[PDB]
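[1] fold the stuff below for me.
(chains A, B and C, ligands or ions: 12)
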Amino acid sequence: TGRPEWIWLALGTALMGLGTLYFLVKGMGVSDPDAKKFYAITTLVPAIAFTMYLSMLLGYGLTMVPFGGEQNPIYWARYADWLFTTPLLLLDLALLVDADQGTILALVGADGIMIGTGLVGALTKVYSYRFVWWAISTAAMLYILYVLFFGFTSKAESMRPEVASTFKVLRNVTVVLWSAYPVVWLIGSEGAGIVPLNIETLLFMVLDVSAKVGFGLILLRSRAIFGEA
Amino acid sequence: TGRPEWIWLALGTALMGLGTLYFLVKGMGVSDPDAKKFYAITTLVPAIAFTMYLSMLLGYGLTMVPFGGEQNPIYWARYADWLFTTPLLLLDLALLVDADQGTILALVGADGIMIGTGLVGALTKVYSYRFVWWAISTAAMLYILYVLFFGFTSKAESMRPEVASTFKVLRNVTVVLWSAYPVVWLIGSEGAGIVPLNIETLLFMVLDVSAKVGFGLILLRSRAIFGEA
Amino acid sequence: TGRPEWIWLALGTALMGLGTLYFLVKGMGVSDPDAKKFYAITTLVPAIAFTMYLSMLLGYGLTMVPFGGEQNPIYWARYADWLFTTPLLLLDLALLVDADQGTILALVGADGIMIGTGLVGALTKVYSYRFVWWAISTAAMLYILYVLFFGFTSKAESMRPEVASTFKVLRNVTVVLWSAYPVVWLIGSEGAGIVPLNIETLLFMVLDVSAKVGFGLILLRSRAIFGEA
Ligand SMILES: CCCCCCCC/C=C/CCCCCCCC(=O)OC[C@H](O)CO
Ligand SMILES: CCCCCCCC/C=C/CCCCCCCC(=O)OC[C@H](O)CO
Ligand SMILES: CCCCCCCC/C=C/CCCCCCCC(=O)OC[C@H](O)CO
Ligand SMILES: CCCCCCCC/C=C\CCCCCCCC(=O)OC[C@H](O)CO
Ligand SMILES: CCCCCCCC/C=C\CCCCCCCC(=O)OC[C@H](O)CO
Ligand SMILES: CCCCCCCC/C=C\CCCCCCCC(=O)OC[C@H](O)CO
Ligand SMILES: CCCCCCCC/C=C\CCCCCCCC(=O)OC[C@H](O)CO
Ligand SMILES: CCCCCCCC/C=C\CCCCCCCC(=O)OC[C@H](O)CO
Ligand SMILES: CCCCCCCC/C=C\CCCCCCCC(=O)OC[C@H](O)CO
Ligand SMILES: *C/C=C(C)/C=C/C=C(C)/C=C/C1=C(C)CCCC1(C)C
Ligand SMILES: *C/C=C(C)/C=C/C=C(C)/C=C/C1=C(C)CCCC1(C)C
Ligand SMILES: *C/C=C(C)/C=C/C=C(C)/C=C/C1=C(C)CCCC1(C)C
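    Numbers count the residues shown, from 1 in each chain, chains lettered A, B, ... in the order given. Ligands and ions are numbered 1, 2, ... in the order given. Below, you will see the structure:
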C-alpha cells in the first residue's frame, strides 16, 4: 500500500479501535439504565468509525470519480461512517437535555439530508453541481447547529447543573468541530482541490478522532449521564 | 438538459422546495410537543423529496436498465425518496390515531417491502420478472391500505372528533393517491411502456406533490395535531 | 435456470412464503397490544426473507466477485435479508425480557456491524482480507451472544415463569443456529471454498428456515407474548 494517505488511515484505524476498546471496558460495570444508554451510543460511534477507517485503509472504501477531466480518488466510506455516527452523536446530545421526540426527529432527518447530499456531491461527475450539493448539505448543517444553540441550550439550562454544563461544553465542541468538515471538503479533493488528498485525510482524521473519541471522553467521564442517586 | 421530462422534474423540484420552506416557516412558533412531532415529520417529507427531485433534474438519479432489448431510462432516485418519505407519511397517520407500536411496525415494514420490491422490479433485466416484483409490491400496498381502512378507522372513531375527521380525510386522500402509483408504474416506462416517460414523469410529479405537500397542507392546518388545550 | 443450487433457493422461497402466510393468518384475531408487537416483528422476518430468497432464485441477488484468480458467485442478497431480519429477531428476544433501551441499542448496533462487515468480507477482492472482515464480524457476533447469555438470562429469570422459560429455549436455539453461520461462510464459497456453493446454499437454507420460521413457531405458540390476563 503506497497511497501516501495510508499513514493517516492506519492511525485513524488504530485510534478508533483503541477508543472503542476503552469505552467498552469502561462501560463494563455500569448498571444505571440512563448511563447504559450513553455508553451504548457513545461506544458504537468509534466502533463504526473503526470499521470504516479499516475499509479505507484496505482500499475497499475508495472509488474513482471522473470530474474536472481527471480520475479523482473519493473515499466513499466516510459517508457510510457519518451516516450512522453523526445521528448517534446528536442522540447523545438530545438525550442529555431530554429533547422532545419531534426535535430529535428533525435533527436526525436534517442530519441524514446533510450526509446524503454530501455523498451525492462527492460522487457527482459534473464539477459545478458538486458545489450545489455542498451548499444544500451545509444548509442542513446550519439547521442542526441552529437547533443545538437556540433550542437545546434553552431546555438544558432548565436541567440539572451537571447536565447544563456538560451539554454546553459538548455543544461547543460539536459546533466547532462539525463546522470544519464542510470547509475541508470544499478546499480538498472532493471540492476545489487546493489541499491534496493526503493532507485532507490527515485533517479528517484529526476531526474524526476529536469529534468521536474526544467527545466521548468528555461525555463518559461526566456525572450528567447518571440519574441523580 | 434536453430530456423532455426535465420541465416536470424542475417543477417538482420547485414545488417541493417551496413546500418545505412553507412548512418550515409555519412550524416556527410552535411549542406544543405533539404538534412539533407532526411538523417535524411532515416538513421532512418534501425536504427529502426536494433533494431527490433535484437529483433527477441534474441527472444523478437516473440509470439505464436493459430489458425488452432496449436501454431504458430508470429514475432510481424515486425509490430512494419513497423509501424514506412513505413511512414518514404513514407515521403521521398512525400518530394521529395513536396506533399501537405493533401496528406501526407492521405498516412501516410492509411499506419497506413495497418500496424495496418496486425498486427490484424497476432494476430487473428479465422483462416478465419485473411484473412479479410489481405484484409482490402491490400486495404489500394492499396490506397497508387494509390496515388503514379496517384498523386505523376503528381506533380513530374512538378519538377526539377533530382527530377522527382529520384522519378520515387524510385516509381517503392517501388511499386514492397511493393506489394510482402502481397503475402509473405498470403502464409507464418501468412496466408495459404504453405511456411515454415524459408523461409518466408528469403523472408522478402530480401525485408526489399532492401526496406530500397537499397531504401536509391538510394535516398542518388542522387542530387535530395539537393537544387539547 | 440451471444453477445447481436453484432447488434450495426455490425451497427456501416456498418455506419462507408459507411461513409468512401462516403467521399472518395466525396473527389475525389477536388484540393484545403486546402480542401484536411480537406477531408484527415475527411475521416481518420471513416476509423479508421470502423477498430475498426470491431475488436469489430469479438471479437478481447474485453478483460475481473476483478473488483467488476466479469469478466467484456471491449471493449478496443474503446480507440484505440478514441486515433487516437479524435485528428483528434480537428485538423479539429483547422485548420478551423487557431489556432496557441501551442494551437494545448495543445489540442492534453490534448486529449491524456483524452483518455489514460480513458483506464487506463477502465483496472483498483481496483474498486474505476477506478473513479479516470475517474475524471482525465474528467478534461482533460473540458480543451479541455474550449479552444474550450473561445479561438477558439475568433479567429473564426475574420475569414471569412463562417468559423465563420461553426466553431460555429461544436463547439456546439462537446461540446454536447463529453460531453455525460463520462456520458455513468460512468453509463455503465466500471463504476457504471447501464446501461447494450448492451445499453451502442448502446449509444456509436449513439454518435460515430454522432461525426464522422455527424460531417464530416456538415464540408465537407460547403464552409469554401476551400480557397476564
Ligand atoms: C492535539 C494534538 C496535536 C496538535 C497538532 C494537530 C495538527 C493537525 C493538523 C495539521 C496540519 C498539517 C499540515 C501540513 C502541511 C504540509 C504542506 C506541504 O507539505 O507543503 C509542501 C508543498 O509542496 C507546498 O505547499
Ligand atoms: C389540480 C390542478 C391541475 C388540474 C389538472 C391536472 C392534470 C394532471 C395530468 C395531466 C395529464 C396530461 C396528459 C397529456 C397527454 C398528451 C398525449 C400526447 O401528446 O399524445 C400525442 C401522441 O403522439 C399520441 O397520443
Ligand atoms: C430437520 C429435518 C431434516 C433433517 C436433515 C437435515 C439435513 C441438512 C443438511 C444436510 C447436509 C447434506 C450434505 C450432502 C453432501 C453431499 C456431498 C457430495 O455430493 O459429495 C460428492 C463429492 O464429489 C465428494 O465429496
Ligand atoms: C482493535 C480493536 C478494534 C475495535 C473492536 C472491534 C469493533 C467491532 C466489533 C465488535 C463491536 C462490539 C459492540 C460495540 C458496541 C458496544 C456497546 C456498549 O458498550 O454497550 C454498553 C451497554 O451498557 C450494554 O448494555
Ligand atoms: C426519519 C429519518 C430520515 C432520514 C432522511 C434521509 C434523507 C436522505 C436524502 C437524500 C440523500 C439520498 C442519497 C442517496 C445516494 C445513493 C448513491 C448511490 O448509491 O449511488 C450508486 C451509484 O454510484 C449510482 O447509481
Ligand atoms: C429552494 C428551497 C429548497 C428546500 C430547502 C432545502 C432542504 C434541505 C435543507 C435543509 C433541511 C432543513 C431541516 C428540514 C426538517 C425540519 C423539521 C422541522 O420543521 O422541525 C420542526 C420541529 O418542531 C422542530 O422541533
Ligand atoms: C423494521 C423495518 C423493516 C424494513 C423492511 C425492509 C424490507 C426490504 C425488503 C426487500 C427489498 C430489498 C431491496 C434491495 C435492493 C438493492 C438493489 C441494489 O442496490 O442494486 C445495486 C445493483 O443494481 C445490483 O447489485
Ligand atoms: C407465497 C406467499 C409469499 C409471502 C407473502 C408475500 C410477502 C410480501 C407481501 C406482503 C407483506 C405483508 C405484511 C407483512 C407484515 C405483517 C405484520 C403482521 O402480521 O402484523 C400483525 C400485527 O398484529 C398488526 O397490528
Ligand atoms: C444505531 C444503529 C447502528 C447501525 C450500525 C451499522 C454499522 C455498519 C458498519 C459497517 C458496515 C458498512 C458496510 C457498507 C458496505 C457497502 C458496500 C457497497 O454498497 O458496495 C458497493 C460496491 O460493491 C462498492 O462501491
Ligand atoms: C464523526 C464524524 C463527524 C462528526 C462528522 C461530521 C461531518 C460533517 C458535519 C459533514 C458535513 C458536510 C457538509 C456540511 C457539506 C459537505 C459535505 C460534508 C458531508 C463533509
Ligand atoms: C410521496 C410519495 C408517495 C406517497 C409515494 C407512494 C408510492 C407508492 C404507493 C408506490 C407503489 C408501488 C407499487 C404498489 C407497485 C409498483 C411499484 C411502486 C413502488 C410504484
Ligand atoms: C435469519 C437469519 C439469521 C439469523 C442469520 C444469521 C446470520 C449470522 C449470525 C451471520 C454471521 C456471520 C458472521 C459472524 C461472520 C461471517 C459472516 C456472517 C455474516 C455469515
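[2] and the closest residue to residue A:100 other than its chain neighbours, how far from residue C:147?
    Of all residues not flanking residue A:100 in the chain, residue B:33 sits nearest, at 4.8 Å (Cβ to Cβ, 6 or more residues apart in numbering or on different chains). The C-beta positions use only the backbone N, C-alpha and C, and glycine is treated the same way. Distance, residue B:33 to residue C:147, by Cβ to Cβ, to the nearest Å: 33 Å.
[3] what about those two, which has more around it?
    The neighbour comparison of residue B:33 against residue C:147 (other Cβ atoms under 10 Å in any protein chain shown) goes to residue C:147, with 19 against 13.
[4] correct me, but the more buried one touches residue C:104?
    No. Using Cβ atoms under 8 Å, residue C:147 is not in contact with residue C:104; the gap is 10.0 Å.
[5] now do the contacts for the nearest residue to residue A:225 once chain neighbours are set aside.
    For residue A:225, ignoring the flanking residues on the chain, the nearest one in space by Cβ to Cβ, 6+ apart is residue A:38 at 4.2 Å. Shown in contact with residue A:38 (Cβ atoms under 8 Å, 6 or more residues apart in numbering or on different chains): A:92, A:95, A:96, A:219, A:220, A:225, C:102.
[6] I figured the third one hits residue A:166, correct?
    Yes. Under the criterion of Cβ under 8 Å, residue A:96 makes contact with residue A:166 at 6.7 Å.
[7] shared neighbours, those two?
    A:219, A:224.
[8] near chain B, which residues of chain A?
    A:100-103, A:105-106, A:109-110, A:112-113, A:116-117, A:120, A:123-124, A:126, A:129, A:132, A:136 (Cβ under 8 Å from any Cβ of the partner chain).
[9] ok, now which ones touch the residue most central in space within chain A?
    The structure's chain A has its C-alpha centroid closest to residue A:86; by Cα atoms, centre = their mean the separation is 4.3 Å. By Cβ under 8 Å, 6+ apart, the contact set of residue A:86 is A:111, A:114, A:115.
[10] returning to that earlier point: next up, phi/psi of the residue nearest to residue A:100, please.
    phi -60, psi -40 (degrees, to the nearest 10).
[11] hang on, the earlier thing: list just the nearest of the contacts of residue A:86 to residue B:22.
    Nearest to residue B:22 among those, counting by Cβ to Cβ, is residue A:114 at 21.2 Å.
[12] how many other residues sit next to the closest one?
    24.
[13] residue A:170 sits in which helix or strand?
    Using DSSP states H and E, residue A:170 falls within helix A:161-187.
[14] that helix vs ligand 1: in contact?
    No. Using Cβ under 6 Å from any ligand atom, helix A:161-187 never reaches ligand 1; the gap is at least 10.6 Å.
[15] quick check: residues of chain A near ligand 4?
    Counting by Cβ under 6 Å from any ligand atom, chain A sits next to ligand 4 at A:17, A:20-21, A:24, A:27, A:30, A:36, A:39-40, A:43-44, A:47, A:50.
[16] 5 Å instead, please
    Contact residues, chain A versus ligand 4 (Cβ under 5 Å from any ligand atom): A:17, A:20, A:27, A:36, A:39, A:40, A:43, A:44, A:47, A:50.
[17] spatially, what comes nearest to the first one if we skip its sequence neighbours?
    So the one you mean is residue A:17. Closest to residue A:17 by Cβ to Cβ, 6+ apart is residue A:50, at 4.8 Å.
[18] do the same with the fourth one
    Once flanking residues are discounted, residue A:36 sits nearest to residue C:102: 3.4 Å by Cβ to Cβ, 6+ apart.
[19] could I get the contacting residues of that neighbour?
    Residues in contact with residue C:102, defined by Cβ under 8 Å, 6+ apart, are A:33, A:35, A:36, A:37, A:38, A:39, A:40, A:41.
[20] my guess is the fourth one meets residue A:96, correct?
    The reference is to residue A:37. No. Using Cβ under 8 Å, residue A:37 is not in contact with residue A:96; the gap is 10.2 Å.
[21] which one of those two has more residues nearby?
    Ranked by neighbour count (other Cβ under 10 Å), residue A:37 and residue A:96 place residue A:96 first, with 24 against 21.
[22] where along chain A do the strands fall?
    A:62-67, A:70-75 (DSSP state E).
[23] right, and these - which one's nearest ligand 11?
    strand A:62-67 (28.1 Å; Cβ to the nearest ligand atom).
[24] how many other residues sit next to the residue nearest to residue A:152 when sequence neighbours are not counted?
    Sequence neighbours aside, residue A:97 is the residue nearest to residue A:152 in space, at 5.1 Å (criterion: Cβ to Cβ, 6+ apart). Applying other Cβ under 10 Å, we find 24 other residues in the vicinity of residue A:97.
[25] what about residue A:97, distance to residue B:112?
    Counting by Cβ to Cβ, the gap from residue A:97 to residue B:112 is 31 Å.
[26] next one: residue A:86
    23 Å.
[27] helices of chain A, start to end?
    For chain A, the helices defined by DSSP state H occupy A:6-27, A:33-57, A:77-96, A:101-123, A:127-147, A:153-156, A:161-187, A:197-209, A:215-220.
[28] gap between the longest one and the chain center?
    Offset of helix A:161-187 from its chain centre (Cα atoms, centre = their mean, to the nearest Å): 10 Å.
[29] that helix vs helix A:101-123, what angle?
    Helix A:161-187 runs at 20 degrees relative to helix A:101-123, counting by axes from the mean of the first three to the mean of the last three Cα atoms, to 10 degrees.
[30] how many other residues sit next to the closest residue to residue A:220 other than its chain neighbours?
    Excluding its sequence neighbours, the residue lying closest to residue A:220 (Cβ to Cβ, 6+ apart) is residue A:42, at 5.8 Å. Neighbours of residue A:42 under the rule other Cβ under 10 Å: 27.
[31] does residue A:42 touch residue A:92 like I think?
    Yes. With contacts counted by Cβ under 8 Å, residue A:42 reaches residue A:92, the gap being 6.0 Å.
[32] between those two, which contacts overlap?
    Contacts common to residue A:42 and residue A:92, judged by Cβ under 8 Å, 6+ apart, are A:215, A:219.
[33] follow-up on the earlier one: measure the residue nearest to residue A:17 to ligand 10 for me?
    12 Å (Cβ to the nearest ligand atom, to the nearest Å).
[34] same check on residue A:47?
    12 Å.
[35] can you tell me the closest non-neighbouring residue to that residue?
    residue A:20 (4.5 Å).
[36] ok, how many other residues are close to that neighbour?
    23.
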